[PDB]
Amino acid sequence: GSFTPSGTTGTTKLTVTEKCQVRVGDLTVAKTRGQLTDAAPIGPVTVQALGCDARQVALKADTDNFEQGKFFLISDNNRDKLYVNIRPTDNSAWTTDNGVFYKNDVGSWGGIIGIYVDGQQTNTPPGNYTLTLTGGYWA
């Protein structure tokens, strides 16, 4: 049960707004709180492993993004949570262990990890939410 950081970082960002939504500057991922329905896709996270034929690929969430076996995006001020489910788009088997989401089998896996809203959270306060995931391997 140990994660070894070894890889790069993917940052999933979402700006939550009200129905009257004012987009300023370049396009970013934004949704009204009413769109935060159960299983709503937030976005994909690409994963490409190399040199892991004998290790279990893994992603570790920043400390501020997990608690009690649950993952969540966190607001800029660290106060507000948006609970999510993390799931590879393929049929591969993974396990969650204290902020770590690791593959059950060894191998240099490449694939897409989807981030989805876990439970309708249409009362989420408007703000900027982030989930940070770092590549590495588990054992």
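We call the rigid core the largest set of C-alpha positions that still match within 1.5 Å between the two forms. Throughout, we count residues from 1 along the sequence that is shown.
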Would you say which of 5 to 13 and 21 to 29 moves more relative to the shown form in 5 other deposited structures of this protein, going by RMS C-alpha distance with the core superposed? 21 to 29
If you average the CA temperature factors as listed in the entry, which stretch comes out higher, 82 to 90 or 67 to 75? 67 to 75
Averaging the C-alpha temperature factors as deposited, the higher value of 44 to 52 versus 31 to 39 falls on 31 to 39
Could you say which of 12, 128, 21, 124 has its CA atom at the highest B factor, as listed in the PDB entry? 124
Would you check the entry's CA temperature factor for residue 99 and let me know if it's in the chain's lowest, middle or highest third? highest
Relative to the other modelled residues in the chain, which third contains the C-alpha temperature factor of residue 1: lowest, middle or highest? highest
